[PDB]
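Letter by letter, the chains look like this.
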Amino acid sequence: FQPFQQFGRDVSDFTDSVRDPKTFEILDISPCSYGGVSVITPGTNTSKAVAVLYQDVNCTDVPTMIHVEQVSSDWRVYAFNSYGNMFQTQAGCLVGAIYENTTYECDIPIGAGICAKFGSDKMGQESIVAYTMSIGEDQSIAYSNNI
Amino acid sequence: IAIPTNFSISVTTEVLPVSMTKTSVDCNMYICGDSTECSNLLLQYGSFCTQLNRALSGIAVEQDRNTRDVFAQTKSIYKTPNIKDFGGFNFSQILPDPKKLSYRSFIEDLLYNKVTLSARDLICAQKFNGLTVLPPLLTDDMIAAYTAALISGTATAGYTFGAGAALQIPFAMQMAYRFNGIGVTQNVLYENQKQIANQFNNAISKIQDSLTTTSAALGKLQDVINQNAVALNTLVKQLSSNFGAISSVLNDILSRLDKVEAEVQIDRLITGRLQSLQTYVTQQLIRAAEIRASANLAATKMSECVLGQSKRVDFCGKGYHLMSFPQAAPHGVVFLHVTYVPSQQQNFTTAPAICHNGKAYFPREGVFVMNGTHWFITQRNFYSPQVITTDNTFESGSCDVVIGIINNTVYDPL
Amino acid sequence: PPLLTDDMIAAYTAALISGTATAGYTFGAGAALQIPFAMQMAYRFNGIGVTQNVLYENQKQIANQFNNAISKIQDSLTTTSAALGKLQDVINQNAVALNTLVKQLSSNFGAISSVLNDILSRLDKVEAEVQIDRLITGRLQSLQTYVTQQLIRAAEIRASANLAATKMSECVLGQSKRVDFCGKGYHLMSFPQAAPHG
Amino acid sequence: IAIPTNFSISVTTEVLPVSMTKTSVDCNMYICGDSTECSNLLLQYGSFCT
Ligand SMILES: *[C@@H]1O[C@H](CO)[C@@H](O)[C@H](O)[C@H]1NC(C)=O
Ligand SMILES: *[C@@H]1O[C@H](CO)[C@@H](O)[C@H](O)[C@H]1NC(C)=O
Ligand SMILES: *[C@@H]1O[C@H](CO)[C@@H](O)[C@H](O)[C@H]1NC(C)=O
Ligand SMILES: *[C@@H]1O[C@H](CO)[C@@H](O)[C@H](O)[C@H]1NC(C)=O
Ligand SMILES: *[C@@H]1O[C@H](CO)[C@@H](O)[C@H](O)[C@H]1NC(C)=O
Ligand SMILES: *[C@@H]1O[C@H](CO)[C@@H](O)[C@H](O)[C@H]1NC(C)=O
Ligand SMILES: *[C@@H]1O[C@H](CO)[C@@H](O)[C@H](O)[C@H]1NC(C)=O
Ligand SMILES: *[C@@H]1O[C@H](CO)[C@@H](O)[C@H](O)[C@H]1NC(C)=O
Ligand SMILES: *[C@@H]1O[C@H](CO)[C@@H](O)[C@H](O)[C@H]1NC(C)=O
Ligand SMILES: *[C@@H]1O[C@H](CO)[C@@H](O)[C@H](O)[C@H]1NC(C)=O
């Protein structure tokens, strides 16, 4: 800052920094809930089970950007890797859904070639799974000069 | 009359946008900066923001629908053959390489970095005010796989795999069928196959020089990227407007005035920011309509020129259309149209009909052309003179009244 | 003013007409190739499906019927004044939209007057603000509505111009086999004529 | 079956618009005019006119 600067503004004209009046140090201000959060569900008539997708953050520091120390009690199970359900995607990560290797037809689009659906053939009958969508199947037609 | 005696093979390249970027907005972060006494005032305005969210969600769904409609045409991907012995035609430049570092062909690699998708950065200012960008559903690897399955499958199975099952056919016989579909016989192919292959191989290679050194050939596809960035940058700068209030910051108003005098100046900021959001949604809808029209044109071009041979004049290329090759591009598609154009010409004297011994004779699929000594018959698109027989002509009527008829004999094989 | 004056558009149409007749349709796909007009018409008749026999035996009848079918357009255009309404409403809409925008300046928008001079000469600087902001917002809204309607009309005209461009590309310098794309019966040839804004 | 024995040649006229008139506007003389007291006030509304 300048020697007489007291607060710093942004291009959209809001304070993102301030100088503490007692101890002359600089502090940053950011919104305490910024960034998108998406909830993936089947129908409410179907059994209630949701998955939470964080948009553009890594998922080794979800509790940093969600402030788990003051969030509600039922939100802590969607911000930790106690169960094997937190896996990282290209469009963020999914909490509450298990990954599958077999490709299917897309049901609930998520992004970056990853979809979701209710139920599985693995036992799991109420948990929702996440998979990579399929674009068809291999055919491998053969070429010859006189056929 | 003028009839060509030679021809050349050219490759034409055009681009057209297919989809644009998907965006999302949050009113409770844009209109108010985490002010619990601004959310209550915003709540008494109705369901404008649900309308904006539904409009933006519809645009985002339509953007994925466009790229699903354009590229997904076969629903059965074909494995790329390791050999490229297609009768002398080199398909290595438009097909993905074996043991490839990047999962796409060389031409779409060369045009991927030709366009650019991209500390007081504007991205953090957009993120702090609820402006986010959603990734597309189909990644570029699947689009490259779709284009590769179209290419390997157009070359090794003809155009018939787009209407029914795939039929195996040699490449040269397909070339003869397409040449016959132009109007010229399947004679200039088999007698000049090496010339056709050698001219096609460097007509393909000239696209590398036409795309690498020369710029501004993908400006239509760069403007789509630029417009979203300009519209998002001009929206975050409207937050620094008074709109008739004492300040552009809600914290300056709320800390300096009591609660009763606060609404009369908060309302002006709320109305101005709502008007800015209305405007942004309006040009987003209009641009989405234009992109939808362009994507429909790209889809019908994909259907009619890659999966078949089109007889419509100047729909895919300049001259007589033979085939097309699709190439993946960021937010668009690139078409490589192979056409047939005649090059040289030579003057000739022609006649409408020939009266042999009182009966007129008219040609079929050709014209009457003499070379200086006697008369022949030849096709219009290539100078291939043939002797006039009774099979090349048909008797019809009398020769007493035909404008410009001449006297000549007709060969009888008996 | 437009960049292309009407003389240059007329020159473009004349260069299309002289070149469609003396060189066939092949001038647009490659170089121009010379061909007599009777042989070109016989080739087009063969492209319809009828053999190239009914032309050479009836050429005078074809010419005589073409020459007065063309001349009937003189009576079809000179008397009737409803064929170019699609070309006249485009002219009318811009004039109506420009005239209705200049008449919005005579509205109060909740202020004491529609004139800035009446407000500024009767009120001090502190309370002229709240009554000039209403006029500013009303005039800004009046401009924004006009811009949005102009954008929508521009999209419509762009679609119509794309249709005109593909019709010119497929029917003037080519013969189209699509049903009812150019005419009613079996298409033989087309001739473009320049028009104001169309 | 029915087969024609004669034919006629017709000329069809169809019209369609290509372009409209180009227009331009100036905010500073539409919203205010020559009043400099409200030019500064229009300056506080942002970049709508751009
Ligand atoms: C203000 O007073 C506090 C209390 O002792 C002290 O810690 C701080 O250093 C002071 N700041 C000054 C003198 O700038
Ligand atoms: C849930 O779905 C079942 C099966 O269609 C239906 O019978 C039931 O009525 C639904 N529940 C409600 C509350 O409508
Ligand atoms: C997320 O993790 C990846 C790999 O661990 C790293 O490359 C990237 O920089 C990380 N992003 C952030 C925002 O920390
Ligand atoms: C699924 O794929 C992953 C990654 O390729 C692999 O580690 C795993 O063994 C596979 N099978 C199962 C059942 O997860
Ligand atoms: C036709 O043009 C090609 C390319 O210039 C040339 O190689 C060939 O010899 C030409 N044909 C004749 C008959 O001259
Ligand atoms: C095809 O083009 C590549 C490009 O370098 C070349 O190496 C190759 O020899 C050409 N021919 C074949 C049959 O691959
Ligand atoms: C054909 O004749 C025209 C004039 O009648 C002439 O301009 C043209 O050059 C001639 N073509 C050739 C190939 O000599
Ligand atoms: C015309 O063709 C005939 C038959 O091929 C040939 O004998 C004659 O020399 C040719 N004349 C010219 C001028 O090319
Ligand atoms: C063709 O021959 C007939 C008689 O054999 C003659 O009357 C007629 O004039 C000739 N036509 C031409 C064009 O020389
Ligand atoms: C066909 O119609 C034209 C125009 O009415 C007429 O002149 C001609 O005689 C008709 N043909 C026959 C065979 O009647």
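Residues numbered from 1 in each chain as written, not as in the entry; some residues may be left out. Chains lettered and ligands numbered in written order. Part of a larger assembly, values for the part shown. Heavy atoms only, no water.

Looking at the method and resolution fields of the entry, one finds cryo-EM and 3.0 Å.

Colleague: For this particular structure, what's the right way to read the side chain of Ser247(B)?
Modeller: For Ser247(B), the position within the fold is in the loop between α9 (219-236) and α10 (250-256). At 3.1 Å, the side chain of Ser247(B) forms a polar contact with the backbone nitrogen of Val249(B). (Helix = DSSP H or I, 4+ residues; strand = E, 2+ residues; numbered from the N terminus. Polar contact = N/O pair within 3.5 Å; in protein donor to acceptor, adjacent residues only side chain to side chain.)

Colleague: Would you take a moment to explain the state of the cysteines for this structure?
Modeller: Note on terminology: a disulfide is the covalent bond linking the sulfur atoms of two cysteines. Summed over the entire model, instances satisfying the criterion amount to 9 disulfides over all chains. Between the sulfur atoms of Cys355(B) and its disulfide mate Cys399(B) the distance is 2.0 Å. One end of the pair, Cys355(B), is in strand β9 (residues 354-355); the other, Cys399(B), is in the loop between β13 (393-398) and β14 (406-407), and 44 residues separate them in sequence. Each of the two residues, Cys355(B) as well as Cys399(B), counts as buried. Linked covalently through their sulfurs, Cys27(D) and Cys49(D) form a disulfide whose S-S length is 2.0 Å. Looking along the S-S bond of the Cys27(D)-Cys49(D) disulfide, the torsion reads about -100 degrees, which is the left-handed sense. Of this pair, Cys27(D) sits in helix α1 (residues 27-32) while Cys49(D) is found in the segment after α2 (39-42), placing the two residues 22 residues apart along the sequence. With a relative accessible area of 12%, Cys27(D) lands in the buried category. Among the residues examined, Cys49(D) registers a relative accessible area of 42% and is labelled partly exposed. (Disulfide = S-S within 2.5 Å. Buried < 20%, exposed > 50% of the residue type's maximum accessible area, 1.4 Å probe, protein only.)

Colleague: How should the environment of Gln52(C) be read in this particular structure?
Modeller: Its location among the elements puts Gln52(C) in the loop between α2 (37-48) and α3 (59-78). If we ignore the near neighbours within four places in the chain, the residues touching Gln52(C) are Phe362(B), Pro363(B), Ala42(C) and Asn46(C). (Contact = heavy atoms within 4.5 Å.)

Colleague: What's the story with the interface of chain D and chain C in this structure? I'm lost.
Modeller: Reports of interface size often rely on the accessible area that becomes lost once the parts have come together. Chain D puts 29 residues into the contact, and the matching count from chain C is 42 residues. The contact between chain D and chain C buries some 3,400 Å² in all, and 72% of this surface belongs to carbon and sulfur atoms. At the surface where chain D touches chain C, the tally comes to 0 salt bridges. Residue assignment for the side of chain D that touches chain C shows that the elements contributing at least two residues are α1 and α2 of chain D. If one sorts the elements of the side of chain D that touches chain C by residue count, α1(D) sits on top with 4 residues. For the side of chain D that touches chain C, the per-class residue count stands at 19 nonpolar, 7 polar and 3 charged. (Buried area = accessible area lost by both parts, 1.4 Å probe. Salt bridge = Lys/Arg side-chain N within 4 Å of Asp/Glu carboxyl O. Nonpolar A, V, L, I, M, F, W, Y, C, P; charged D, E, K, R; others polar.)

Colleague: Hey, could you run me through helix α8 (residues 193-212) of chain B in this one?
Modeller: Note: α-helices contain 3.6 residues per turn, so residues at a spacing of three or four share the same orientation. Residues and elements named next belong to chain B. Over its 20 residues, α8 extends 30 Å from the first C-alpha to the last, a length consistent with the 28 Å expected when each residue adds 1.5 Å. Burial in α8 covers these residues: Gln193, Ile196, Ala197, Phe200, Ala203, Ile204, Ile207 and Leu211. When α8 is viewed along its axis, its buried side chains cluster within an angular range of 130 degrees and face the same direction. Exposed residues on α8 whose side chains face more than 90 degrees from its buried face are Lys194, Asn198 and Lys206. In this fold, the buried residues of α8 make contact with β2 (7-17), α4 (106-110), α7 (171-182), β5 (320-329) and β6 (332-342). (Expected span 1.5 Å × (residues − 1). Arc of directions from axis to C-beta.)

Colleague: How should the interface of chain B and chain D be read in this particular structure?
Modeller: The interface of chain B with chain D comprises 8 residues on the first partner and 5 residues on the second. There are 0 salt bridges connecting chain B and chain D. There are 1 residue pair in polar contact connecting chain B and chain D. Taken together, the residues of the side of chain B that touches chain D break down into 1 nonpolar, 7 polar and no charged.

Colleague: What exactly am I supposed to notice about the side chain of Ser35(D) here?
Modeller: Mapped onto the fold, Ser35(D) is located in the loop between α1 and α2. Its relative accessible area of 10% is what places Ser35(D) among the buried residues. One polar contact links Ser35(D) to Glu37(D), side chain to side chain, over a distance of 3.1 Å. Not counting residues up to four positions away in its chain, the partners in contact with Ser35(D) are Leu116(C) and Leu120(C).

Colleague: Explain the nonpolar core to me, please; I cannot follow it from the model alone.
Modeller: Burial of nonpolar side chains together is a common tendency in soluble globular proteins. Core analysis: the biggest nonpolar cluster contains 56 residues, and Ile31(B), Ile270(B), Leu277(B) and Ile31(D) have the highest contact counts within it. When residues of this core are assigned to their parent elements, the largest contribution, 10 residues, is made by helix α11 (residues 259-306) of chain B. Residue contacts for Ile31(D): discarding those within four places in its chain leaves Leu116(C), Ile136(C), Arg139(C), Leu140(C) and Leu42(D). The next biggest cluster of nonpolar side chains, apart from the first, holds 43 residues, and it includes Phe91(B), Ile94(B), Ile196(B) and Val334(B). (Core = buried A, V, L, I, M, F, W, Y, C linked by side-chain atoms within 4.5 Å.)

Colleague: Help me understand the arrangement of the chains in this model?
Modeller: Looking across the 4 pairs of chains in contact, one finds the most contacts between chains C and D. For the non-touching pair chain A and chain D, the nearest C-alpha separation works out to 12 Å.

Colleague: Before we go on, may I ask you to explain empty space enclosed by the protein in this structure?
Modeller: The probe, sized like a water molecule, is rolled over the atoms to show the empty space still left. All names here are of chain B. Volume-wise, the largest cavity comes out at about 90 Å³. The wall of the largest cavity is formed by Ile9, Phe89, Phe91, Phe171, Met175, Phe179, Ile196, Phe200, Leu322, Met323, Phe325 and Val338. Listed by contribution, the elements that provide at least two residues to the lining of the largest cavity are α7, α8 and β5. (1 Å grid on protein atoms, 1.4 Å probe; cavity = no way out; pocket = protein on both sides within 12 Å on 5 of 7 lines; lining within 4 Å. Points joined across faces, edges and corners; volume = space filled by probe spheres on them.)

Colleague: Where do I start with the sheet that holds β13(B) in this structure?
Modeller: Within a sheet, neighbouring strands are paired by backbone hydrogen bonds and run either parallel or antiparallel to one another. Residue and element names in this part refer to chain B. Pairing in this open sheet of 4 strands is mixed, and the strands run β13-β10-β9-β14 from one edge to the other. Both edges of this open sheet fall to β13 and β14, since each of them pairs with a single strand only. Here β9 runs beside strand β10 (residues 359-363); their pairing, made up of 2 bridges, is antiparallel. Paired with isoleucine 354 across the two strands is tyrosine 361, which belongs to β10. (Pairing = 2+ DSSP bridges.)

Colleague: I would appreciate a short explanation of the packing of aromatic side chains in the present structure.
Modeller: Two measures describe an aromatic ring pair: the distance that separates the ring centres and the angle between the ring planes. A full pass over the atoms with the stated rule returns 28 aromatic pairs over all chains. Here the aromatic rings of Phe7(B) and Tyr340(B) are separated by 5.1 Å at their centres, their planes lie at 40 degrees, and the arrangement is tilted. The structure contains a cluster of three or more aromatic residues connected by ring pairs, namely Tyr143(A), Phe86(B), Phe89(B), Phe91(B), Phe171(B), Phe200(B) and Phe325(B). (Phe/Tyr/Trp six-rings, centres within 6.5 Å; stacked < 30°, edge-to-face > 60°.)

Colleague: Please explain the environment of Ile291(B) as it appears in this structure.
Modeller: All names here are of chain B. Among the structural elements, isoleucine 291 can be located in helix α11. What makes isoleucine 291 buried here is its relative accessible area of 8%. Linking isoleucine 291 and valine 224, residues 67 residues apart in sequence, is a C-alpha distance of 9.1 Å. Apart from the residues lying within four places of it in its own chain, the contact partners of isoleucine 291 are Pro17, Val18, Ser19, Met20, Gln63, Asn66 and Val224.

Colleague: What should I look at first to understand the pattern of salt bridges in this one?
Modeller: The tally for this structure, following the rule as stated, stands at 13 salt bridges over all chains. The salt bridge partner of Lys122(A) is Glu100(A), with a shortest N-O separation of 3.9 Å. Taken together, the residues span a long stretch of sequence, with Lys122(A) in the loop between β10 (114-118) and β11 (128-132) and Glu100(A) in the loop between β8 (98-99) and β9 (108-111) at a distance of 22 residues. What makes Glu100(A) buried here is its relative accessible area of 6%. The closest approach of N and O atoms between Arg268(B) and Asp133(C), which form a salt bridge, is 4.0 Å. Here the residue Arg268(B) occupies a position in helix α11, and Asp133(C) occupies one in helix α6 (residues 129-172), the pair thus bridging two chains.

Colleague: Help me understand the sheet that holds β6(B), please; the structure alone is not making it clear to me.
Modeller: Residues and elements named next belong to chain B. With antiparallel pairing, the 3 strands of this open sheet are ordered in space as β2-β6-β5. Since the sheet does not close on itself, it has two edges, and those belong to β2 and β5, each with one partner. Shown here is a sheet whose adjacent strand axes are inclined to one another by a mean of 20 degrees, direction ignored. Of the strands in this sheet, β5 and β6 are in contact with α7, which crosses β5 at around 120 degrees. (Axes fitted to C-alpha atoms, helices over the stretch in contact; angles between N-to-C directions.)

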